[PDB]
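Data block below; observations after.
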Amino acid sequence: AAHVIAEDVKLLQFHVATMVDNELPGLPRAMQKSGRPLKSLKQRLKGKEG
Amino acid sequence: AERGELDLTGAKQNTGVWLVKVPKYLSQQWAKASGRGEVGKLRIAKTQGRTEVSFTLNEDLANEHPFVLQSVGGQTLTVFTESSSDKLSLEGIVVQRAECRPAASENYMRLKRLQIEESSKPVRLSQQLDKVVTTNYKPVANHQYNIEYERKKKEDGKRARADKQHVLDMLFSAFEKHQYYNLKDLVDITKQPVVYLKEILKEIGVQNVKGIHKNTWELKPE
Amino acid sequence: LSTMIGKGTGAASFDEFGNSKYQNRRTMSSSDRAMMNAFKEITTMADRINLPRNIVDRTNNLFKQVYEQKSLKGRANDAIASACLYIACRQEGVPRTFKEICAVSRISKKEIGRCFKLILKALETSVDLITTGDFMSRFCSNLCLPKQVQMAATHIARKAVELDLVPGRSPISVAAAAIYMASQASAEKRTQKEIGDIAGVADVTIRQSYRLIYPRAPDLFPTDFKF
Amino acid sequence: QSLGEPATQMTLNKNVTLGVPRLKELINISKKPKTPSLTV
Amino acid sequence: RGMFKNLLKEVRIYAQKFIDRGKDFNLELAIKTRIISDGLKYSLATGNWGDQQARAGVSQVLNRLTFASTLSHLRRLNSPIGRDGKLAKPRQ
DNA sequence: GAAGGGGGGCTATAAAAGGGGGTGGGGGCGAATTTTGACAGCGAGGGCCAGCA
RNA sequence: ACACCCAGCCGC
DNA sequence: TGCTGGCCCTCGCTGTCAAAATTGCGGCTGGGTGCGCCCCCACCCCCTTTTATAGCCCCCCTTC
């Protein structure tokens, strides 16, 4: 169905975004099993230990 | 004259009643008396400018209770009644308020402590076991629920494959009761093997899609 | 390799009906789901009788080998699970009885017996035959009996096995018989019902072993016991 | 560095504000000062 | 309290799963002994005070360096004010 | 009616036959602060127009 | 034989 | 023909609010870990029956 394609491309949107930028407001943070929100590119470049 | 009417003759007579607070041991003694006829004597004495109210416990009931009056005009209190015949009535209006206190000063606390022992009876605390338990997960060849269920699968029996005419009559008779049915409900009512019943109803019944719960079957031939 | 999508912090991800529009699909194949549920069942089964985690990990190893052997699809995964638990308890030299596994499992003794028979036939392994002396420590300790009772009962059981009073008798029956020997000779005494409760053998089986072990009693005892 | 090394020695926070908060309030343009004042 | 709520939810799901099929259920297997025995262990071991956004550093390894260190570590308190925050008032 | 006893059923071993039911596998449903910046209201203004004189 | 997370502690 | 007040259509100061970022340097140590679920299909096991074998155990019977 068209709604299946829409929700799946929206999910892939979310995954590409959280690959690029994770700290942005609104969407939930992509996390591994058992906590530990994964270290995206912002978390690797910006800040003290970046 | 109606069921919801409250009799108001007591208010028209301007009957004045007294409301009094008493401690719980007096109530317990009055309950233990079980209405023998007398529980004590109420004493009142008025001086030239003061009043004195007290209550004396019955000597038989025991085997002084001074009263303190209080302000009443802060509220208007009246008493109504409900009967088993649903005839509501008003008794009267409270005109004086008092409270009952014990004359015992130091020994009374002892009774309070005993009531504490009467009130700390149902509260319950954890205990220490010197020995760890033995009778947990006792080695049993088959569970009681399991052996009862396996026993019950012997006499109810497996659903025998029946002839086509009888199951057709059963399914149309069930269709006469209600328009739609679920497959698991048809299996329960007709009491037939799922694959066989599905094979019989494939010829005459047809799946119609319903987005409200699931794709289900129709027993109508058309 | 996967990731979980958590709950949203901001309210900007919520739809008009809520539901946050972004949630974990959790596909992870069927076989991995089956293995995960089986491992959960193994852990919650072995915790009931308080097994050490080495036996749990050995059970998981046997379950993964059986599941990848692809021969026992026709039986409930829980049966293979409890069978692997029995195999791992056997292979560490601390065997449990079938009834003890059946107590902490939803499965009858017939099914676990047949599944154990099919595991030994299929996975091609050999297990050591049980002896009476393995069960003695667990039985005495759970019955709260001292060390002298332990040593006396173990000596009685091993002597009764080697001298041949009990042809073809189950080791569980003669083990509980040795428990009854050591119990009915000291200050502390244990009733037939307690012995059957802790061993799983029926009181008739205890009386059968009693009446068959009763002649030649001082020879089975150790050198000193303080009668 | 010759400005910020005389910043780790004075204290923090009938006179106007003075110290590290004044330094922070000066090098930021600080559109809402805490105690702005004139000298007429 | 939270973990007993979890245990009751779990035994409710188990009892429903073996009551919808229409038979009795054994209570011994119903209660998962994993939950209470593991979660309290996990919380005291890690110091994270929850079922993994909760309070952190509640539980610490005891400071066996001297007897005064042990006593001062056992009689310690802890404020929840965010330790990195550049405040002045609550610390006084 | 508690306890000991007897008789009988349960367990596994093979094998065949058909079909019902249990089981697993795949697929579908829903404790602190700054600056830049825009939304939205209120308000005034130049303009555009029909009517006045 | 790591990598995150957490805690404690040192000097200013 | 010049003058007048109505609203149209455009601009914008402003209050509050939303968005988004940052919040000392270096270091030594120990410790822990690594959603929510129903339905529809294939495929296999047990339902019978027989019999030998024996220990084990349920159930009823019997005793006093």
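Listed in order, the protein sequences are those of chains C, Z, H, S and V.
Counting from 299, one number per residue, gives the positions in the first sequence under the authors' numbering.
Read in order, the letters of the second sequence are residues 2 to 64, 80 to 238 in the authors' numbering.
Counting from 80, one number per residue, gives the positions in the third sequence under the authors' numbering.
Read in order, the letters of the fourth sequence are residues 1093 to 1105, 1115 to 1141 in the authors' numbering.
Read in order, the letters of the fifth sequence are residues 405 to 456, 461 to 500 in the authors' numbering.
For each residue, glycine too, the CB sits at the ideal point set by N, CA and C.
Annotation: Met107(H) to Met115(H) spans about 10 Å, alpha carbon to alpha carbon. The continuous beta strand (DSSP E) containing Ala114(Z) extends over residues 104-116. Taking the Cβ atoms as the reference, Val54(Z) lies roughly 18 Å from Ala120(Z), outside the contact range of under 8 Å. Ranking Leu9(Z), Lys13(Z), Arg117(Z), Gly36(Z) by CA distance to the CA of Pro24(Z) puts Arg117(Z) first.
If you draw a straight line from the Cα of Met407(V) to the Cα of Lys331(C), it is about 21 Å long. In the DSSP assignment, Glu234(Z) is bridged to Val222(Z).
Ranked by Cα distance from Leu85(Z), the options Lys103(Z), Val225(Z), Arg51(Z), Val222(Z) are led by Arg51(Z). Below 8 Å, too few C-beta pairs join the segment 98-106 of chain Z and the segment 122-141 of chain Z to call them touching: fewer than three.
For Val210(Z), the number of other beta carbons within 10 angstroms of its own is below 16, and it is reported as exposed.
Under the three-state reduction of DSSP output, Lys22(Z) falls in the strand class. For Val54(Z), the enclosing beta strand (DSSP E) begins and ends at 52-58. By the Cβ rule, the segment 232-244 of chain H counts as touching the segment 211-222 of chain H, because three or more pairs are nearer than 8 Å. Nearest Cα to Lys200(Z) within the set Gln208(Z), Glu6(Z), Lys193(Z): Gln208(Z). Excluding five sequence positions before and after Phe83(Z), the CB atoms of its chain that fall closer than 8 Å to its own CB belong to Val21, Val54, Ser55, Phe56, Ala114, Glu115, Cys116, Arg117, given in chain order.
The beta carbon of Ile134(H) sits closer than 7 Å to the beta carbons of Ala125, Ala167, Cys168, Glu171 from its chain, once the five residues preceding and following it are set aside; these are given in chain order. In the three-state scheme derived from DSSP, where H, G and I count as helix and E and B as strand, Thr206(Z) is classed as helix. Each of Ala113(H), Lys100(H), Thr82(H), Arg290(H) was checked against the Cα of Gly89(H), and the nearest Cα belongs to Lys100(H). The beta carbon of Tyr124(Z) sits closer than 6 Å to those of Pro118, all from its chain and outside the five residues before and after it, given in chain order. Around the Cβ of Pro1098(S), a 10 Å sphere holds fewer than 16 other Cβ atoms; the residue is exposed. Taking 8 Å as the upper bound on Cβ-Cβ separation, chain H lies near residues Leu433, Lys436, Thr437, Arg438, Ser441 of the segment 433-444 of chain V. For the segment 161-179 of chain H, residues whose beta-carbon sits nearer than 7 Å to a beta-carbon of chain Z comprise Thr176, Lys178, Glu179. With the rule of 3 Cβ pairs closer than 8 Å, the segment 148-163 of chain Z counts as touching the segment 187-198 of chain H. Shortest Cα-Cα distance from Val469(V) to any of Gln456(V), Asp455(V), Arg484(V), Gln461(V) involves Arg484(V). Within the segment 120-207 of chain Z, the complete alpha helix (DSSP H) segments at least 4 residues long are 124-135, 160-171, 180-193, 199-206, listed from N- to C-terminus.
From the listed residues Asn156(H), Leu224(H), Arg127(H), the smallest Cα separation to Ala266(H) is found for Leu224(H). Three or more beta-carbon pairs separated by less than 8 Å are not found between the segment 214-223 of chain Z and the segment 90-98 of chain H, which leaves the two stretches without contact. Cα atoms of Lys337(C) and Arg491(V): separation of roughly 24 Å, rounded to the nearest angstrom. Membership of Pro250(H) in the alpha helix (DSSP H) is indicated by the continuous run 250-262. For a Cβ distance threshold of 8 Å, residue set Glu432, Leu433 of chain V lies close to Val183(H), ordered along the chain. Under the Cβ criterion of 8 Å, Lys214(Z) is not counted among the residues facing chain H. Listed in chain order, the positions of the segment 416-432 of chain V with a beta carbon within less than 7 Å of a beta carbon of chain Z are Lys427, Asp428, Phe429, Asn430, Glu432. Annotation for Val95(Z): the continuous beta strand (DSSP E) segment containing it runs 94-97. Sixteen is the threshold: since fewer than 16 other Cβ atoms of the shown chains lie within 10 Å of the Cβ of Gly493(V), the residue is exposed. Against chain H, a Cβ distance below 9 Å from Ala304(C) picks out nothing, because the smallest value is about 11 Å. Looking at the backbone, the Cα of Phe300(H) and that of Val245(H) are separated by about 17 Å. Residues of the segment 327-343 of chain C with a C-beta atom less than 7 Å from some C-beta of chain H are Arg327, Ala328, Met329, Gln330, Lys331, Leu336, listed in chain order.
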